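Geometric and topological summary
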Amino acid sequence: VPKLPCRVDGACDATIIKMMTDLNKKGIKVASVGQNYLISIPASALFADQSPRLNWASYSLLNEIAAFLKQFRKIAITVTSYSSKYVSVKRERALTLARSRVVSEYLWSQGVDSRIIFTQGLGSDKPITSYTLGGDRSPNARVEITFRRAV
Amino acid sequence: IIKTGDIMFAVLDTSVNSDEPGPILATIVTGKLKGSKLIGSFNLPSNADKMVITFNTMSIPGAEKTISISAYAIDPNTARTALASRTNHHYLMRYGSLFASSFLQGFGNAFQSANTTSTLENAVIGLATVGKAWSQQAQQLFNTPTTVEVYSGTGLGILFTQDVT
Amino acid sequence: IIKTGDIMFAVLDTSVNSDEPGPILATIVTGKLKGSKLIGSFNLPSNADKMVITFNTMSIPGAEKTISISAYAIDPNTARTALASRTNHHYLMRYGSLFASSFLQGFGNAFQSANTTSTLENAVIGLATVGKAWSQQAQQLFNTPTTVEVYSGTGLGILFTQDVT
Amino acid sequence: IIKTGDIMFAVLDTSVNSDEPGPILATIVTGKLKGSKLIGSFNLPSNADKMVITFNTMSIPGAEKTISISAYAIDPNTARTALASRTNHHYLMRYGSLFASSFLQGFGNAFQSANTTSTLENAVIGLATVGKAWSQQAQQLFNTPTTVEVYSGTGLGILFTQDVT
Amino acid sequence: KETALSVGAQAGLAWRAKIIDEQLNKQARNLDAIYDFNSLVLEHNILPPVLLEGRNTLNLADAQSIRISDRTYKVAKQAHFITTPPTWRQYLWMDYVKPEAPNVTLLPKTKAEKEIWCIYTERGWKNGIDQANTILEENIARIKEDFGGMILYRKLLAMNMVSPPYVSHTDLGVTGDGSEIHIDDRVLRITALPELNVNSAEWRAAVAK
Amino acid sequence: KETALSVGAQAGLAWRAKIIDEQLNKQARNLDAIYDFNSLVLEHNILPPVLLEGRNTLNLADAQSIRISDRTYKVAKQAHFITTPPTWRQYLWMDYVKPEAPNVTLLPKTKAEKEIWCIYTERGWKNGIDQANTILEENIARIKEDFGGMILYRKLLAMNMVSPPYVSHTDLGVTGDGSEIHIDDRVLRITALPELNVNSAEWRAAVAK
Amino acid sequence: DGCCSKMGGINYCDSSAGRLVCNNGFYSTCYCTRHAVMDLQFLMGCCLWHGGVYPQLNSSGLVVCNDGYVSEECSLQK
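cryo-EM is the method the PDB entry states for this structure, with the resolution given as 4.6 Å.

Let us now look at the overall build of chain E. When its secondary structure is counted, chain E shows four helices and eight strands. For chain E, the N- to C-terminal ordering of α and β elements is α-α-α-β-β-β-β-α-β-β-β-β. For chain E, whose C-alpha radius of gyration is 27 Å, the value lies well above the compact-globule estimate of 17 Å for 209 residues. Looking at chain E residue by residue over its 209 residues, the buried ones come to 22%. The long-range share in chain E, meaning contacts at least 24 apart out of those at least 6 apart in sequence, stands at 67%.

Looking now at the pattern of salt bridges. Enumeration over the complete set of coordinates arrives at 16 salt bridges over all chains. With a closest N to O distance of 3.5 Å, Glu-53 of chain E and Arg-71 of chain E form a salt bridge. Of this pair, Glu-53 of chain E sits in strand 2 (residues 51-62) while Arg-71 of chain E sits in strand 3 (residues 65-75), placing them 18 residues apart in sequence. For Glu-53 of chain E, a relative accessible area of 24% corresponds to the partly exposed category. Accessibility expressed as a relative area gives 29% for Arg-71 of chain E, which makes it partly exposed. For the salt bridge of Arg-67 of chain E with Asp-185 of chain F, the shortest nitrogen-to-oxygen distance reads 2.6 Å.

Turning next to the arrangement of the chains. When the eight pairs of chains in contact are ranked by number of contacts, first place goes to chains C and D. One finds no contact between chain A and chain E; the C-alpha atoms of the two approach each other to within 13 Å at their closest. One finds no contact linking chain B with chain F; the least C-alpha distance across the pair is 45 Å.

Here we come to the packing of helix 1 (residues 92-113) of chain B against helix 2 (residues 119-141) of chain C. Between helix 1 of chain B and helix 2 of chain C, whose axes approach to 8 Å, the crossing angle comes to 135 degrees. Between helix 1 of chain B and helix 2 of chain C, the crossing angle belongs to the class labelled oblique. Judged by the twist between their axes, the crossing of helix 1 of chain B over helix 2 of chain C is right-handed. Packed against helix 1 of chain B, whose contacting residues are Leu-98, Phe-99, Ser-102, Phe-103, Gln-105, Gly-106, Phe-107, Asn-109, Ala-110 and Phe-111 of chain B, the element helix 2 of chain C presents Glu-121, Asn-122, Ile-125, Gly-126, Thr-129, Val-130, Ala-133 and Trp-134 of chain C at the interface.

Attention now moves to the interface of chain D and chain C. Taken residue by residue, the interface counts 32 residues in chain D and 35 residues in chain C. Buried area between chain D and chain C, summed over both chains or domains, comes out near 2600 Å², and the portion from carbon and sulfur atoms is 63%. Contact with chain C buries surface across chain D, with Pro-23, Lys-37 and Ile-125 of chain D losing the most and accounting together for 20% of the total. Between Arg-80 of chain C and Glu-149 of chain D there is a salt bridge whose closest N-O contact spans 2.6 Å. Our enumeration of links across chain D and chain C arrives at ten residue pairs in polar contact. At the level of elements, strand 4 (37-42), strand 5 (53-59), helix 2 (119-141) and strand 7 (149-150) of chain D are the ones that each hand at least two residues to the side of chain D that touches chain C. With ten residues, helix 2 of chain D is the single largest residue contributor to the side of chain D that touches chain C. Taken together, the residues that form the side of chain D that touches chain C break down as eleven nonpolar, 14 polar and seven charged.

Attention shifts here to the pairing of strand 2 (residues 24-28) of chain B. Residue and element names in this part refer to chain B. Here strand 2 shows one buried face, formed by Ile-24, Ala-26 and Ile-28, and one open face, formed by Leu-25 and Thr-27. Here three bridges tie strand 1 (residues 7-12) to strand 2, and the two strands are oriented antiparallel to one another. Within strand 2, the residue paired with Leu-12 across the bridge is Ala-26. Inspection of the sheet shows strand 2 paired to strand 3 (residues 36-42) by five bridges, in the antiparallel sense. Each residue of the ladder has a partner; that of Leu-25, found in strand 3, is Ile-39.

A contiguous nonpolar patch, built from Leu-4 of chain A together with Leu-40, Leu-43 and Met-44 of chain G and spanning about 370 Å² of accessible area, is present on the exposed surface. Residue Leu-4 of chain A is classed as partly exposed on the basis of its relative accessible area, which comes to 47%.

Before going further, it helps to spend a moment on the state of the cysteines. Residues and elements named next belong to chain G. Here the structure, examined in full by the defined rule, presents five disulfides over all chains. The disulfide bridge from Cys-13 ends at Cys-32, spanning 2.0 Å between sulfur atoms. Every disulfide takes its handedness from the sign of the S-S torsion; for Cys-13 and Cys-32 that torsion is 80 degrees, giving right-handed. Placement of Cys-13 in strand 1 (residues 10-14) and of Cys-32 in the loop between strand 3 (27-31) and strand 4 (63-64) is noted, with a sequence separation of 19 residues between them. For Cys-32, a relative accessible area of 35% translates into the label partly exposed. Covalently, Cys-47 is tied to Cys-65 through a disulfide, its sulfur atoms 2.0 Å apart.

Before going further, it helps to spend a moment on the pairing of strand 8 (residues 155-159) of chain D. Sheet analysis places strand 1 (residues 7-12) of chain D next to strand 8 of chain D, joined by five bridges and oriented antiparallel. Looking across to strand 8 of chain D, one finds that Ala-10 of chain D is bridged to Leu-156 of chain D.

A few words now on the sheet that holds strand 2 (residues 36-42) of chain A. Residue and element names in this part refer to chain A. Read across the sheet, five strands follow the order 1-2-7-5-6 without closing on themselves; strand pairing throughout is mixed. Edge positions in the sheet fall to strand 1 (29-33) and strand 6 (116-121), since each has one partner strand and no second. On average, each strand axis in the sheet is tilted by 15 degrees relative to the strand beside it, whichever way the strands run. For strand 5 (residues 76-82) and strand 7 (residues 142-148), the ladder comprises six bridges, and the chain directions are antiparallel. Considered in strand 7, the bridge of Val-79 is made with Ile-145. Helix 3 (residues 90-109) rests against strand 5 and strand 6 of the sheet, and its axis sits at about 155 degrees to strand 6.

Our focus in this paragraph is the interface of chain E and chain F. Listed as interface residues are 19 residues of chain E and, on the opposing side, 19 residues of chain F. Counting the surface lost from both chain E and chain F, the interface buries some 1700 Å², and carbon and sulfur atoms represent 59% of this. Sorting the residues of chain E by area buried against chain F places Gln-64, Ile-66 and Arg-67 of chain E first, and these three jointly supply 32% of that buried surface. Between the two partners, chain E and chain F, sit one salt bridge.

Turning our eyes to something else, we now look at the nonpolar core. Core analysis: the biggest nonpolar cluster contains 26 residues, and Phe-55, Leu-156 and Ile-158 of chain C have the highest contact counts within it. Elements represented by at least two residues in this core include exactly strand 1 (7-12), strand 3 (24-27), strand 4 (37-42), strand 5 (53-59), strand 7 (71-74) and strand 9 (155-160) of chain C. Excluding residues that lie within four positions of it along the chain, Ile-158 of chain C makes contacts with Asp-6, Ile-7, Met-8, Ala-10, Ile-28, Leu-38, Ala-71 and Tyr-72 of chain C. Among the nonpolar cores identified, the runner-up in size contains 25 residues, and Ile-2, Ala-73, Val-150 and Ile-158 of chain D belong to it.

This part is about unusual backbone geometry. Peptide bonds are mostly trans, and most non-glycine residues show a negative phi. Residues and elements named next belong to chain A. Backbone geometry at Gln-50 places phi at a positive 40 degrees, although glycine is not the residue there. Structurally, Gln-50 is set in the loop between strand 3 (47-48) and strand 4 (51-54). Overall, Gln-50 belongs to the buried group, its relative accessible area being 15%.

The next thing to look at is helix 1 (residues 2-26) of chain E. The α-helix winds at 3.6 residues per turn, so residues separated by three or four positions along the chain end up facing the same way. Residue and element names in this part refer to chain E. With 25 residues, helix 1 should reach 36 Å at 1.5 Å per residue; the first-to-last C-alpha distance of 36 Å fits that figure. Residues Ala-4, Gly-8, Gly-12, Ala-14, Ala-17, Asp-21 and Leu-24 constitute the buried set of helix 1. Those residues of helix 1 hidden inside the fold are in contact with helix 2 (29-34) and helix 4 (111-159).

What follows deals with the sheet that holds strand 3 of chain G. Residues and elements named next belong to chain G. Taking strand neighbours across the sheet as the criterion, the three strands line up as 1-2-3 in an open arrangement whose pairing is antiparallel. Both outer strands of the open sheet, strand 1 and strand 3, are each paired with one neighbouring strand and no more. When the angles between neighbouring strand axes are averaged without regard to direction, this sheet yields 35 degrees. Bridge count for strand 2 (residues 19-22) against strand 3 is two bridges, and the pairing is antiparallel. Bridged to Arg-19 within strand 3 is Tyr-31.

So, on to the packing of aromatic side chains. A full pass over the atoms with the stated rule returns 28 aromatic pairs over all chains. Taken together, a centroid distance of 5.0 Å and an interplanar angle of 70 degrees make the contact between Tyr-35 of chain F and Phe-147 of chain F edge-to-face. Taken together, the positions of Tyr-35 of chain F in the loop between helix 2 (29-34) and strand 1 (46-47) and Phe-147 of chain F in helix 4 (residues 111-159) put the pair 112 residues apart, joining distant regions of the chain. Both residues of the pair, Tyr-35 of chain F and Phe-147 of chain F, count as buried. With a centroid separation of 5.9 Å and 50 degrees between ring planes, the pair formed by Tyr-96 of chain F and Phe-42 of chain G is classed as tilted. Of this pair, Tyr-96 of chain F sits in the loop between helix 3 (89-92) and helix 4 while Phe-42 of chain G sits in the loop between strand 3 and strand 4, placing the two residues on different chains. Chaining the aromatic ring pairs together yields one cluster made of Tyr-91, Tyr-95, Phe-99 and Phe-142 of chain C together with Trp-134 of chain D. Lying over the aromatic face of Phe-142 of chain D, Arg-94 of chain D brings its terminal NZ or CZ to 4.1 Å of the ring centre.

About the cut-offs
- Residues numbered from 1 in each chain as written, not as in the entry; some residues may be left out.
- Chains lettered and ligands numbered in written order.
- Part of a larger assembly, values for the part shown.
- Heavy atoms only, no water.
- Helix = DSSP H or I, 4+ residues; strand = E, 2+ residues; numbered from the N terminus.
- Rg over C-alpha atoms; globule rule 2.2 N^0.38 Å.
- Buried < 20%, exposed > 50% of the residue type's maximum accessible area, 1.4 Å probe, protein only.
- Contact = heavy atoms within 4.5 Å.
- Salt bridge = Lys/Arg side-chain N within 4 Å of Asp/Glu carboxyl O.
- Axes fitted to C-alpha atoms, helices over the stretch in contact; angles between N-to-C directions.
- Parallel < 35°, antiparallel > 145°, perpendicular 65-115°, else oblique.
- Left-handed = near helix turned anticlockwise from the far one by under 90°.
- Buried area = accessible area lost by both parts, 1.4 Å probe.
- Polar contact = N/O pair within 3.5 Å; in protein donor to acceptor, adjacent residues only side chain to side chain.
- Nonpolar A, V, L, I, M, F, W, Y, C, P; charged D, E, K, R; others polar.
- Pairing = 2+ DSSP bridges.
- Patch = residues over 30% accessible without salt bridge, like charges linked within 9 Å, V, L, I, M, F, W, Y side chains within 5 Å.
- Areas by Shrake-Rupley, 256 points an atom, 1.4 Å probe, with all protein chains shown as cover.
- Disulfide = S-S within 2.5 Å.
- Core = buried A, V, L, I, M, F, W, Y, C linked by side-chain atoms within 4.5 Å.
- Expected span 1.5 Å × (residues − 1).
- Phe/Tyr/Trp six-rings, centres within 6.5 Å; stacked < 30°, edge-to-face > 60°.
- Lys NZ or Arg CZ within 6 Å of the ring centre and 35° of its normal.

Right, here's the structure in full:
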């Protein structure tokens, strides 16, 4: 026991459940079915109006996200960006790509214990709800982080 | 083939007092050697705190052979060497004889001495004169030790001393 | 092969007084040696402040061989050589016998002396005459030392003295 | 190779009183030789002003070897040859026994003598008659010396005398 | 101390062995269902031999010396007759005893003595447990390799890479003297021990769909 | 006194070794990033040999004996086969076992004894630390020179002044008896070891821009 | 010391991954068997990446690994 670590470093299921509940309370969609894990966040909480930029407060939320992610063991992390239809297809795709690149770069700057990170965005080509009256406030625009438990 | 210094049980059938050495016999009832008997003698200790039996001449049937593995006895189920018998045989007799002879001497001499300051004279006579011979004979015989004696109906335990075949 | 001067545990199972030396057996119960027995005898020191066992006749099971490694015994987890038994066995008996004999002599002679300055005479008689024989016998037998007696339910620690093969 | 007349250190883990000789073991704690065992014996000096240990049978681990370098002990952190123990073990006991025996003799005889110039007579009796035997026995047994006892948790230093290979 | 440790090890090993054997008996039928040597026994009560296949072989002798091959095949045990097919009994089951004779006159008297006695008993318990687990693992590995060897032999015999055991029988009529008589003597002989072929041209491949 | 010196030196050396090892583990990725080996490895899993050089050589043998040279080149170790490429693990790591046997002959008793004990512990700490630094420096120099020799060999071979290694391969079909079979025997060996050449004609230089 | 805390409790240890399983369907962070993917970065002992510790107890305080390379660091000095 003083030689071999009994559990992985900085591990607490209590903390895991606590911050998962906190994220659900704040409204971040957290899904854990099987060994595949998904976390979805509305784009309005992080980016401005179709704007690939970060308000200062969003960094605290990203800090919390990274702290949660630190706990697990993983290999590959996939990040996908979805937006609303604004002018064209290429404009939305480029905005999604830029946002994904930015968030991925900051996550990598953080101690994300992974091996490969894939990033992409698909504008509005994969809708999640027929109702689309709202703009960026609409839930259809979003960002998803997906991965699989690494044993 | 027998271990060097192992345990065995035997049945004792005959007894004797620790007064005259003589041939004695016992019977091994268990173990590999079955129906075997063992003859020997005993010892006389200076102190009456224990009593043991010397058993060497082993008569085993099967073949008319006589191995002489020497062995002793221990108190059954007690794992001790003392003998289950009495040891207070001749303390009181010699004590009383000596003290009575002394009392006779003293009575005669003192009651004669205190005469200045006929039946009482006769008592003085008897005590003073018969005390001395009794006292000297009692001192002569006072050196008798108290004996011990085994009983003829108790089993025994035997520890080995040398190996045989 | 056994280290020159190391420690082993053993079990002592049979009891005996330190009065008559003889065959005594113990059992090594741990270590590389398993189930081995060890026979020997004891010694009597001048004073009863300790008790030890001389043990040489080692019989190990498995094969029929008889090594003679010599070693003594110490109290396990005590790191001392003392034996847990009685040491004050035979002081009071002889003390009281001698002192009573002396008191008898003194009482008889002094109460005879105090005559110048029948039952009293008889007390003089008994004391003055039975004190002396008891006093001389007590002076004779006063020399028996206090014995010790090991018990049948304590183990022992054996430190080796010589090597084996 | 050991230079002639250097200092090594070992730990004594077993205790014993200086009454009866026996095997005593220590273990070298550090230095070139590690974990080596060392069995030897002691000596009894004329007076209890010190106590020393002769250590000769030293076994080094690693191989089946046993050299016989002989060396003694010094008091750790004292750089002296004394032993840590008590020395007043049986002084006052024999002193008081002898003094009380003499006092008994004197009380009986002097209080008998001072009579000219019954319970008091009885006190005279007991003292005057039991003092003498106790006095002679105490003079007989007064010669037993005070023993010393080493401890089972004290280290020691050992100075070498000869070289080895 | 060490006595407590050793007796705890023994007790733990015995208890774990009893538990595992009991569970093996509790779930039994599926085992013989999976392992059916009898279904594999050839037409003349011959246990088919066992084969071992290795892939991507390379060994170095020293510098400038390395020997490499694609696959290798080795015969473990030659085929032989047998009255009754084996089972999982001779591989999976392991011996059980119960040591219930602790020669302990050294009862822990002090509280710390009892505590250390307990902890040493615990570590002995777990040591026996893991020992039993390792033993079971070795046994199951052995039975698996035997079964796989037999299956591979069947595969190669189908593929025409080995030689079926050639057998023969010799018959004699009424036999014996005027005191002892046998009716119909028959002697069974094997000539071609099952061995691998070397003429690769005769090899016939197989393609599924 | 000297006992305190020695124990302090031991503690200091061990402590400094532990610290340097943990900092080396802290800075890990860039280490192997720099000291890659597979890139230098040849195409047949051959460790290229090690080459050393020297410039402006001069030897005075004795009075009346002087010899000079422009440069000299030497081969340290001949090339050899290799299965897995090496790494800095067996070059820069230093061992660490925590010493936990405090026992000293002359324990300090007076105030002077205690203060000299303290200062001796301090200087032993310092001595151990500097000695550990020396060990690290020796190791890093060794691995650096080996890496440089490898690089030098590669670039000199590019310069075409040394013989490239020569590798032979021989193929055999199925091999073995009727009980043991190998599919395809393949023997790989090295025939001509790399070495220098003295024919001045085959020397091609290079010019940068 | 609780591993499956703030849950329904542990369920059992699976040796396929050397990992604990709680009452809820989650793999606990704690391990149970040595045969699991651990995270080792620092090792004790000496003669690492060498022939190991030579078995023989030498009189000298120097210890040399079985490959002939010596370990003065594992050894003592004067």
